[PDB]
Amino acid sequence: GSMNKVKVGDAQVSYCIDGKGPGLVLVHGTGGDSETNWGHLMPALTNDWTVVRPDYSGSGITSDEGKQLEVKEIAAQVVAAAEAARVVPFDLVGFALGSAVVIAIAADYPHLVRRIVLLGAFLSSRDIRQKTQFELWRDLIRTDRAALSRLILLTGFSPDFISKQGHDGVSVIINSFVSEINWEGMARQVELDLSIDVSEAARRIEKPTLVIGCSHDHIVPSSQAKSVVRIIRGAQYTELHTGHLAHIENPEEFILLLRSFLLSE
């Protein structure tokens, strides 16, 4: 594999390339990065795709000048990494905020994109539940990151999954959030969660689209994913019985959906 960089305006965009085959671009969500969201899946992907994992502003070792985020700029970062990796045309997979970024890329760069998969997806955080939630996340990043780390555990994984991890396993998860999240970057990403609205982009998409909702999702409730499906022409819906962090809780079922939707003729 390789770690690489591409300059995109004021940003030095870090991205991973691994594998061989047609292009698969994986786009992380809020507070996530290429490693924490996808690293554990890699052995099950890299024999079928050339997998490209960019870290957009606020995540990983990607560097920039600290400006407030804009979805078009973030989309351009992902696209620059994919083009530098020479994986055009590619399939796109987005998680949560990264699903809104993938909706922007599929709408505005149609010639680069074959099929898309949107996990834990939303169009905006206009809904009162989401506005309340991400304003709470904003506040806790500023005042109490230990509290937010426990909030994300409790709202981001299914109860039964947490129980299965035990004391030691939950301690690792919590400690990894506290010690490995780029908190200032995550703060910028939460502000984008609050302001983003890719509804108009979604109406412009002309690509095969799979939207994966999560039955227990208490960060991006599955009603949000169903709203994405209604606006994207021909989009298909499927559900994983997990909390928000489906790709962590049920990596195998997630990989099987990617294969079903993307490796099919």
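All residue numbers are counted from 1 along the displayed sequence.
- 63 to 71 and 213 to 221 differ in mean CA B-factor, and the higher of the two is recorded for 63 to 71.
- Set 157 to 165 against 173 to 181 and average the Cα temperature factors; 173 to 181 ends up higher.
- Split the chain's modelled residues into thirds by C-alpha temperature factor. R86 is in the highest one.
- Sort the chain's modelled residues by C-alpha temperature factor and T238 lands in the middle third, per the entry.
- Sort the modelled residues of the chain by CA B factor and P208 lands in the middle third.
- For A107, the recorded CA temperature factor ranks within the highest third of the chain's modelled residues.
- Among the modelled residues of its chain, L26 has a C-alpha B-factor that falls in the lowest third according to the deposited record.
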